[PDB]
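**Student:** From first to last, the protein sequence lines are chains A and B. For what it's worth, PDB author numbering labels the leading residue of the first sequence as 0, then goes sequentially. For what it's worth, PDB author numbering labels the leading residue of the second sequence as 0, then goes sequentially.
Number of protein chains: 2
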Amino acid sequence: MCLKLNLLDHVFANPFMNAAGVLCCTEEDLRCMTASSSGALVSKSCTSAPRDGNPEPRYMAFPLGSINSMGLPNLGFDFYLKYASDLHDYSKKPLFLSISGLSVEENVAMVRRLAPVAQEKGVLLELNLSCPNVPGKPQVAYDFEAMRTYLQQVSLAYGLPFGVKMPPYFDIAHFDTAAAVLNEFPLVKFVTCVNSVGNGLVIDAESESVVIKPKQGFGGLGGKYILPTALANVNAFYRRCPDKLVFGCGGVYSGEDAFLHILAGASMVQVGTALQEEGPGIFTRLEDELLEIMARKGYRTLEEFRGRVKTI
Amino acid sequence: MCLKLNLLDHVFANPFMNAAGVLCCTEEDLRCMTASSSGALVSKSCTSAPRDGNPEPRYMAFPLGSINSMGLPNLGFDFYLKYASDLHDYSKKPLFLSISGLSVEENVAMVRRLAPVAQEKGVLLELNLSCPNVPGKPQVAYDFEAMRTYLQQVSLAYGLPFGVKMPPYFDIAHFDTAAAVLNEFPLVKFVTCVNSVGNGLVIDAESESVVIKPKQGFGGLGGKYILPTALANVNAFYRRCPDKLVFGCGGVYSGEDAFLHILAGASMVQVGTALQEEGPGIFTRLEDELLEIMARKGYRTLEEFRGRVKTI
Ligand SMILES: Cc1cc2nc3c(=O)[nH]c(=O)nc-3n(C[C@H](O)[C@H](O)[C@H](O)COP(=O)(O)O)c2cc1C
Ligand SMILES: Cc1cc2nc3c(=O)[nH]c(=O)nc-3n(C[C@H](O)[C@H](O)[C@H](O)COP(=O)(O)O)c2cc1C
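1) How would you label A/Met16, buried or exposed, when you count the other beta carbons within 10 angstroms and need 16 or more for buried?
2) Look up A/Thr228 in the DSSP assignment and say whether it is helix, strand or coil.
3) My output table needs one value for A/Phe169: the three-state DSSP class, helix, strand or coil.
4) So the candidates are B/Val187, B/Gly20, B/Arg239, B/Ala177; which of them puts its Cα closest to the Cα of B/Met69?
5) Please classify B/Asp242 as buried or exposed, where buried requires at least 16 neighbouring CB atoms within 10 angstroms.
6) Does the stretch 279-292 of chain A come into contact with the stretch 230-239 of chain B, if we say contact requires no fewer than three beta-carbon pairs (one atom in each stretch) closer than 8 Å?
7) Can you pull the chain B neighbours of A/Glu255, defined as C-beta to C-beta under 7 Å?
8) Taking the alpha-carbon positions, what's the B/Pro49 to A/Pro49 distance?
9) Sorry if obvious, but does the Cβ on A/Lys120 come closer than 8 Å to a heavy atom of ligand 1?
10) Three-state secondary structure (DSSP) at B/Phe217?
11) Which residues in chain B have a C-beta closer than 8 Å to the C-beta of A/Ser208? List them in chain order.
12) In whole angstroms, what is the alpha-carbon distance linking A/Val116 and A/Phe304?
13) Are there three or more Cβ pairs, one per stretch, closer than 8 Å when the stretch 257-268 of chain A is compared with the stretch 196-203 of chain A?
14) B/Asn67: beta carbon under 8 Å from a heavy atom of ligand 2?
15) State the start and end residues of the unbroken beta strand (DSSP E) segment that holds A/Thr191.
16) Where B/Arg238 and B/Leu244 are concerned, what is the direct C-alpha to C-alpha distance, given to the nearest angstrom?
17) I'd like the list of long-range same chain contacts for A/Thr33, defined as Cβ closer than 8 Å, with 5 residues on each side in sequence excluded.
18) Given a limit of 7 Å on CB to CB distance, which residues of the stretch 220-235 of chain B reach chain A?
19) Please confirm if the stretch 218-230 of chain B is in contact with the stretch 57-72 of chain B, defined as three or more CB-CB distances below 8 Å between the two stretches.
20) Hey, does B/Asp170 have any beta-carbon neighbour from chain A nearer than 9 Å?
21) With three or more beta-carbon pairs closer than 8 Å as the criterion, would you say the stretch 149-163 of chain A touches the stretch 180-198 of chain A?
22) Compute the minimum distance between the beta carbon of B/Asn13 and the heavy atoms of ligand 1, and state whether it is under 8 Å.
23) Can the beta-carbon of A/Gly250 be found less than 9 Å from the beta-carbon of A/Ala229?
24) Please list the segments of the beta strand (DSSP E) lying wholly inside the stretch 81-131 of chain A, counting only runs of 3 or more residues, in order along the chain.
25) For A/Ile292, which residues does DSSP report across the bridge?
26) Thinking C-alpha only, which one of B/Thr272, B/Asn194, B/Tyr157 is nearest B/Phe184?
27) Does the beta carbon of A/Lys164 come closer than 9 Å to any beta carbon on chain B?
28) May I ask whether a heavy atom of ligand 1 can be found less than 8 Å away from the beta carbon of A/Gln138?
29) My guess is that A/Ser129 and A/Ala145 are in contact by the Cβ rule of under 8 Å, so how many angstroms apart are they, rounded?
30) Check the Cβ of B/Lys3 against every Cβ in chain A and list those closer than 9 Å, keeping chain order.
31) Just the C-alpha distance for A/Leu274 and A/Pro56, rounded to the nearest angstrom, thanks.
32) Examine ligand 1 and report whether any of its heavy atoms sits within less than 8 Å of the Cβ of A/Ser44.
33) Does the beta carbon of A/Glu125 fall short of 8 Å from some heavy atom of ligand 1?
34) Taking the alpha-carbon positions, what's the A/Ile211 to B/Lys309 distance?
35) Identify every residue that forms a DSSP beta bridge with A/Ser65.
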């Protein structure tokens with residue numbers, strides 16, 4: 000038994016990949032992810048120009064997960080585009096390129112240049128509408144009219160299939176509205192749920208201090224803290240977007256957590272905090288653990304249980 | 000060294016109280032909370048008429064917290080008003096009465112009748128604008144115009160100091176807007192941050208099923224999952240509402256957790272999931288643990304460290 004699957008006209012050895020931003024900023028990082036046993040990889044969310052990002056310390060991990068305010072430190076779109084066009088070995092695994100412009104115009108500029116490389120190489124766009132860490136830049140997908148504008152303009156400029164990295168929602172009406180906006184756009188072929196639970200605050204009791212420097216300590220949460228939130232979002236969008244794929248992201252540390260994401264509706268399963276903490280060895284463990292659970296339950300394929308979470 | 004507080008023209012032996020909804024639905028529950036070592040208690044969020052609530056199972060707890068979709072089961076406003084008027088021993092500790100009408104009209108109806116009892120007895124209103132569990136009723140305070148309408152109408156009909164139970168927010172722009180709305184209302188004297196992290200989804204791996212029955216398993220999250228979210232909201236509103244009090248709620252299991260809430264700006268500290276799981280003995284433990292931390296740090300009163308979280 001193997002975990003191989005086909006999605007978006009690509010073949011994947013297994014459903015696992017890094018979450019955008021983790022182990023994917025430099026050429027070294029991307030080569031490392033490519034050498035790993037992951038089924039795919041995604042690059043660091045990029046901007047038109049290189050960015051230093053927010054002041055350090057800007058990432059901290061704890062038993063229950065992580066907090067960060069990276070601020071989109073990245074080598075610039077030119078680099079990630081070059082990686083996709085010239086450097087990536089597509090024989091190894093598919094590549095997603097994440098973009099996170101600070102305006103609709105910036106995203107449009109990037110996708111116009113990405114299009115020919117997508118046409119030639121088959122790199123897949125993940126449009127980030129949920130960066131919660133750039134000062135003065137609210138999460139785009141929390142403003143439904145802004146989200147519609149971004150998707151209209153990107154759809155028109157790109158003209159090719161793409162996906163969207165979504166923030167978590169916490170309100171049924173918001174699931175309804177957000178999914179309806181996404182459903183307006185036939186080029187949106189996948190929906191990645193979720194980005195960090197935004198603007199949490201970790202405080203150290205001994206020092207009586209916040210643990211990250213940017214934004215007075217306020218940063219995106221990932222890891223164990225967010226698994227039920229992530230599962231809810233995966234399932235909410237799976238139910239509401241029956242003609243799209245949902246990629247699960249949030250709180251994956253084990254094959255069991257991945258199994259839950261897939262039960263909720265996930266096609267691919269992304270790994271952030273746990274990968275940052277454990278390193279790329281995690282991918283062999285996740286594959287082994289997922290296969291073990293499947294074997295115990297008598298499941299032979301991912302399709303046998305994807306989206307088959309039971310209700311009472 | 001002492002945990003005493005004097006706020007809202009009341010005296011509190013310590014900052015601890017139940018979170019609304021936990022151990023506070025029946026007369027038995029309220030007498031139990033009154034007999035406990037807590038500094039105060041709050042009644043179950045009530046509606047004009049009694050409610051059975053959502054179908055069971057509707058509460059489930061786990062190592063990292065709880066999920067619920069109770070659906071405002073309550074004995075009805077008449078009962079809680081009678082409790083405040085005739086039954087509560089105010090010589091023991093202050094009482095808060097939580098209301099959660101399903102419309103602005105229902106809330107107005109209740110506060111008109113509460114006002115003379117508040118005037119006579121000193122019962123304190125907590126207005127719930129963040130119930131995430133009634134099917135078809137989105138969280139009021141996620142709609143800023145609805146929130147303003149509710150606060151305008153309740154302010155006019157009630158005419159007395161009250162507080163508001165707020166949902167967690169996850170974006171800086173939302174903290175900014177929400178706090179600005181609250182600041183329009185001089186009668187809002189306290190802000191309780193936070194209600195449950197709404198519409199999470201816990202799935203049991205063995206049974207492949209959601210763990211609660213209502214809303215296809217979607218329920219409010221509390222406990223360890225939500226502490227950094229709760230701290231962020233407490234601090235965000237503490238910073239933005241310098242002329243109001245902030246009550247902390249979310250993820251409190253220990254005196255250390257309470258210490259963090261207080262550093263973030265909390266006056267009272269409410270305990271939900273941990274109280275539901277441990278029972279009212281938790282209050283003596285929380286008091287001992289908070290006093291221990293204060294002793295180690297040389298703090299003699301809560302005011303010496305309230306809101307004194309350090310940034311980098
Ligand atoms: C260090 C750090 C950097 C991240 N950078 C990005 C980013 O560039 N783009 C993006 O869409 N998400 C980014 N994320 C969010 C993750 O992709 C993921 O959505 C989140 O961490 C939740 O998954 P987890 O619980 O496995 O950590 C970042 C997260 C962290 C921890
Ligand atoms: C069983 C259950 C019932 C609740 N009922 C109410 C309610 O009636 N009104 C309210 O404002 N919050 C209610 N809550 C939310 C809690 O007051 C609290 O905001 C939440 O549980 C987060 O705190 P915690 O992490 O200590 O559990 C309820 C929570 C649970 C666990």
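Yeah, the Cβ is synthetic: ideal placement off N, Cα and C, and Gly gets one too.
**Tutor:** Working from what's here:
1) buried
2) helix
3) coil
4) The alpha carbon of B/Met69 has as its nearest neighbour, out of B/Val187, B/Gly20, B/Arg239, B/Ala177, the alpha carbon of B/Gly20.
5) exposed
6) no
7) Neighbours of A/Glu255 in chain B, taken as residues whose beta carbon is under 7 Å from its own, are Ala204 in chain order.
8) 60 Å
9) no
10) strand
11) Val308, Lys309, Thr310, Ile311
12) If you take the alpha carbons of A/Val116 and A/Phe304, they lie about 35 Å apart.
13) no
14) yes
15) A/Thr191 -> beta strand (DSSP E) spans 187-192.
16) 11 Å
17) The answer, listed in chain order, is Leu40, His87, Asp88, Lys91, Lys92.
18) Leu220, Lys223, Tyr224, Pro227, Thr228, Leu230, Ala231, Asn234
19) yes
20) Answer yes: the Cβ-Cβ gap between B/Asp170 and chain A drops below 9 Å somewhere.
21) Enough Cβ pairs lie closer than 8 Å, so yes.
22) no
23) yes
24) 94-98, 123-127
25) A/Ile292 pairs with nothing; no bridge assigned.
26) B/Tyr157
27) A/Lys164 is outside the set of residues whose beta carbon lies under 9 Å from a beta carbon in chain B.
28) Incorrect: A/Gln138 has no Cβ contact closer than 8 Å to ligand 1.
29) Not really, about 12 Å apart at Cβ, beyond 8 Å.
30) The contacting residues do not exist; B/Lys3 stays about 21 Å from chain A at best.
31) 19 Å
32) The answer is yes for A/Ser44.
33) yes
34) 11 Å
35) Answer is A/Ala60, A/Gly221.
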